[PDB]
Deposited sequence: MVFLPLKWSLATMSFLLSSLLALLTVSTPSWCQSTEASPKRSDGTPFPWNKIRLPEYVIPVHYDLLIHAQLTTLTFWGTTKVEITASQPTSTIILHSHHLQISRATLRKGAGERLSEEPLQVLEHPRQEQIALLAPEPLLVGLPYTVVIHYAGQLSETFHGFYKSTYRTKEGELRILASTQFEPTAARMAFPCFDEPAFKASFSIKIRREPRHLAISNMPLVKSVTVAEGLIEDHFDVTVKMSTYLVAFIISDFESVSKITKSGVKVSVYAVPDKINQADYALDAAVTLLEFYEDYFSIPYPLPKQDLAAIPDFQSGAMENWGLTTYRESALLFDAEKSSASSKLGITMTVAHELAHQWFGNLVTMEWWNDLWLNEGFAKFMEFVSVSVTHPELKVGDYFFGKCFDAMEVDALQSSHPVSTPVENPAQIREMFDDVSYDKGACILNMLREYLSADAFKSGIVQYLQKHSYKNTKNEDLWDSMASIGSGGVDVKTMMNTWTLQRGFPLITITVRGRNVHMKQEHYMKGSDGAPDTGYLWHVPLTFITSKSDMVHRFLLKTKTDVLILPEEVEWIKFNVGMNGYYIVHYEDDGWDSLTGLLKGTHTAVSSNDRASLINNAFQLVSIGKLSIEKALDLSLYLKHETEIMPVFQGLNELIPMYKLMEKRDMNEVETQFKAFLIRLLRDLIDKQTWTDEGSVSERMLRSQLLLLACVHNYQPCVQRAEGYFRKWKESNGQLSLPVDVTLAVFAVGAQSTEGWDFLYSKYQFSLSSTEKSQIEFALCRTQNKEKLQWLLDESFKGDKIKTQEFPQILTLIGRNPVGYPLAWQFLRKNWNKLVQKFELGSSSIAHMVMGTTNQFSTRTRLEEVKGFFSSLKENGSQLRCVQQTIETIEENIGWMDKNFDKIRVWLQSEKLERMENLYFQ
C-alpha cells in the first residue's frame, strides 16, 4: 500500500489541541514505552491522519470519539514512511469535520545513545559508582523520537505528562508535579500539571537522582537548580542569577512568566550549551555550575549570559514562536540580543555591553563569503533546519536588532517588542509580524527586509573634501546589485556627539558644519557594516591611534583594527598599512582592542604553521610578543581586578607561555612544580592556571600528572583547562589517545570531543591527525552529533579552515563530495572550501609582503 502523503511538511487540515503523554522508561534495559493520546480536529473530511514518528515501534493505534457513555473506538491501520519520518493512521470511516477525536497510540522505543530525543546520560559518583539517567533534547525535530506527534512548531497544543519510574528515581518535567501514584510491578506514576499551549520541541522530562536548591521570585515563581548530588554545591550562583533575570524580564516585557515554577537542570551529557524547554531549561554542567574557587572569570560571564539567553527564550521562542524554521532568528537573534540588554542591567559589574560587538565581528567572518545565507532563508529537511542554528541566526540576528534598537531608540524598540509579544502570545510569527509591531509605535519593513533577505553586509566608503562628506555603499565580499538601508553614525575631531545619517541609496553626501581633522563612522561598532576611508583617511586614523588613542572609545579602536584587516582581504588597504596601524597596540591597555589585535594577527601565523614557512612564522610570532611585551610584563600572577582585567591577564599569560617568553615560562614552571609537589592540592590563581597547566603538560611527567587529576575534578573550568593543556602536547601518540578516548566517551566524555578535535586541529604538530580522524570516523560522528548540527559544522571548520594550499583544498573537496547524501551538501563544507580558497589567495598575495615588512620592522 503506497504511503498516502508525499510532502515533508504535514497536512494543514488535521490539528492537535492537547496531548496526554504517558512514558515508562526502564533505565536498567534502556527501553521505554509510551501511550500518546492526542485530541485533534479535522477541517476537511479525511480518513487518514499523518503525523511524525522516528525510531518508535508502534504496537496499536485507535481513534476515539466521545466520552464515557457515548465513546466509540475504531482501530487504525498504521503505515510508515521512515525517510519522511512520518506515519499514516487510516480510519474505517471519515472523520466528521470540526468534531473532536482522540488518536491513541501505544509504542515502544530504545533510549537514544545520541544527545537528542529521549537519551541516556551517565556520570560516576566521587565514590566510583556509574549512575544512569534519561533526559530529553527535542529542538528542532526530535520530539518525534520520544512520542508520535505533529512535530512542527506552528501545531501548538497543551501537554499533560505522566512518567512511570522506579521509586529510586526522581522525575521532573515542564510543569509542577501534582500527584504520584503507586502502580503495578513496583513503579510510581508521576502526574505533571497541564502545560500552557506550546510547541512539541519544548516538551521535556528527566528521570535522575538529581539534588536541587530553590528560591522564590518577587512574583511567586519557584526557581530551582537541579544537578548531580556531588555538584549541587555549585548551584547558588546560577540560582541567584536566574531569579534576578526572570524578575528583570517580567518587568521589562510587562508580561508575567506564566508557569508556577522554572527549573534549570545541569545535565552530565549535553550537546549544545543549553536549551529553553518551558519550565525546565537544561544546560551543560559547564554552562550552569560555578565553583567560587576554581571557576574562571570567563565561565562566570558565560553562566550569566547562558541563563539570560534561556530565560529570554521563555518570551522569545516559547510564548511567541517562529511559524517555521526559515525564521528561527526571530527566536535566536532576540534571545542572544536580550542576554546583553538584561545582563547590562542585572550584573553591571560584568560590563557585557562592552563585549557585544565581538559577536558581530564573528558573524562578519562567515557572512563575507559567497556561501552565506540571508538571516531568513528556506529550509525543509531536518539537516537543513539544524543548519539554521548558526552564527547568522544568533550573532547576525542580534547585531541587526542592536542596530535597529539604536536607530529607533531603546524606548521605541521596547514598546515595539512589548506589542509584538502581547499580540502574538501563544501563537506563531514571521518576519513581517515583527516589522508591523515595530512600526505600530517610522520605516522598519523596507529597512529590515534589506538586512534579513540579502546575505552579507555593506562596505561604506567615506571620502572627505573639506566640509563635504561623500558616502557610498557596496556589498563587501571576499573572493551584484545589493543595497541596504544603513543607519550610519559618526563622530569627528570637533564633535563627540554621535551624529546620525540614514544611507538608503548607493551614494549620498552630507556637509559638516566646519572642517575636521578626522571623522570616524560606525560609533561603538553598533552597525553591521564596515568602513573604508579614501585618500589620507587611513593615515589620519592611524595617526590618531598612535598619538592620542584615547580620542576614541576602546570599542572604536577595536573597530578600526578589525576593519583595516578586513580591507586588506579585498585589496582596499595594503597589508603593510594594516600592520603599521597595529603597531599602536604597544600602548593599548583595554581588553577589546587587544583581543581584536589577536583576532586579526594570530590567524596569520596559524596559516604559516601548516606551511613550509618556519623563518617568517618565527619572526611573526616574535613581532606579536614584542608588540604586547609591556602589557604582558605588567600582569600580576593573581585573580585581582574586574572580570575584564582577569580575562586579559589569563589570555596574555597563556599567549606569552605558548610563545616561550622566558619570564612567563619560568614563573609558570615554578607554580606547576609547586602544585605537582603538593599532589595537586595547592590552590593556584585561576587566572594563571591555563598558562601553568599548558607549560606543565610539555613534559611526559607533567602531562601524566595533569591527566591523573582530571578524573577526580568536579570543576568544569579545571577540566577545560586540563583538556586545553593536554591538547598542546607535541607527542602524537598522546594526541591520538585524546581523540580516541573522547570519541569513545569513557575517560573523557564525548560532549568534549568537538572541542578536543578543534584544539588538536590547531596544534602545530598534531593538526594532520585531526583532519585524518574526522575523515576516518565521519559516519559514527554524524550518527552521534547529526548532519547539519553546529557540532559537525565546528568539527569541519576546526580541522580544515586554516589550510592554504591547493592540495589541501582538493582533499577537502574530494572527501566531502564523496559522501553524497551523507554530507556533500552541508553548508559548513561550502564555507570551509570558500575559506581555504580565500587563505590561498591571501597568502599568495601577502606572504612576501609580510616577510619584507618584518625585515624592515
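A.B. asks: Checking coverage: what stretches of the deposited chain sequence are missing C-alpha positions?
C.D. replies: Holes in the chain trace, numbered from 1: 1-44, 486-489, 528-533, 912-922.
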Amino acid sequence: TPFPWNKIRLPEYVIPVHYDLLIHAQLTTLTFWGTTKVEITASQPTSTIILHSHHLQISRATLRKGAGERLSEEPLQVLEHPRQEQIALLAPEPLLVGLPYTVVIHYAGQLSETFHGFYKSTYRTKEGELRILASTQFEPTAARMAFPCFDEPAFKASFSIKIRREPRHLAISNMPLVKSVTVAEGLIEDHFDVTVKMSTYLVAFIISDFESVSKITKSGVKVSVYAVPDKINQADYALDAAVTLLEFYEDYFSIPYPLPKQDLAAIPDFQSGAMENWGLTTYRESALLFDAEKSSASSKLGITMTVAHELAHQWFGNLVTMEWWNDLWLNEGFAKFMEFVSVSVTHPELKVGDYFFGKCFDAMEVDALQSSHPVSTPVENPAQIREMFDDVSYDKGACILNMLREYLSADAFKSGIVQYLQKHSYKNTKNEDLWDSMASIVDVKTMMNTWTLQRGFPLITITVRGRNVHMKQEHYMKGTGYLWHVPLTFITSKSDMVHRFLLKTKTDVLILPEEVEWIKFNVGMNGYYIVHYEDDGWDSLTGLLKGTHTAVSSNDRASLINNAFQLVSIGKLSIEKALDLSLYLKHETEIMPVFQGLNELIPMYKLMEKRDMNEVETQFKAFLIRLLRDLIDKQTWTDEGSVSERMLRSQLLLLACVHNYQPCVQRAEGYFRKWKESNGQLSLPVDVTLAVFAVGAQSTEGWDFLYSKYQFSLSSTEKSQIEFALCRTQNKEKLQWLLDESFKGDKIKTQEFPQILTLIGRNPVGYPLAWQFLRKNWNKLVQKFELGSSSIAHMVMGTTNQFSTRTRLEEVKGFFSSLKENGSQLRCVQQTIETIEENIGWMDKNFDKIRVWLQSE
From here on, numbers count along this sequence of modelled residues.
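A.B. asks: Tell me which of 88-96 and 644-652 has the higher mean C-alpha B-factor in the deposited entry.
C.D. replies: That would be 88-96.
A.B. asks: Report the stretch with the higher mean CA temperature factor, choosing between 395-403 and 535-543 on the basis of the entry.
C.D. replies: Taking the mean C-alpha B-factor of 395-403 and of 535-543, the larger value falls to 535-543.
A.B. asks: Can you tell me which of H794, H52, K820, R808 has the maximum CA B-factor listed in the PDB entry?
C.D. replies: Top of the list by C-alpha B-factor: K820.
A.B. asks: Choose from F356, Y476, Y249, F270 the residue with the greatest Cα B-factor as stated in the PDB record.
C.D. replies: If I rank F356, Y476, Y249, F270 by C-alpha B-factor, first place goes to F356.
A.B. asks: Could you look up the Cα B-factor of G798 in the entry and say which third of the chain it sits in: lowest, middle or highest?
C.D. replies: Middle third.
A.B. asks: Taking the C-alpha B-factors as the PDB entry records them, is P45 in the lowest, middle or highest third of its chain?
C.D. replies: According to the entry, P45 has a C-alpha B-factor in the chain's highest third.
A.B. asks: Taking the values exactly as deposited, rank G68 by C-alpha B-factor within its chain and report the matching third: lowest, middle or highest.
C.D. replies: Highest third.
A.B. asks: Please place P140 in the lowest, middle or highest third of its chain according to the CA B-factor in the PDB entry.
C.D. replies: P140: CA B-factor falls in the lowest third of its chain.
A.B. asks: By the recorded C-alpha temperature factor, relative to the other modelled residues in its chain, which third is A25 in?
C.D. replies: It belongs to the highest third of the chain when residues are ordered by C-alpha B-factor.
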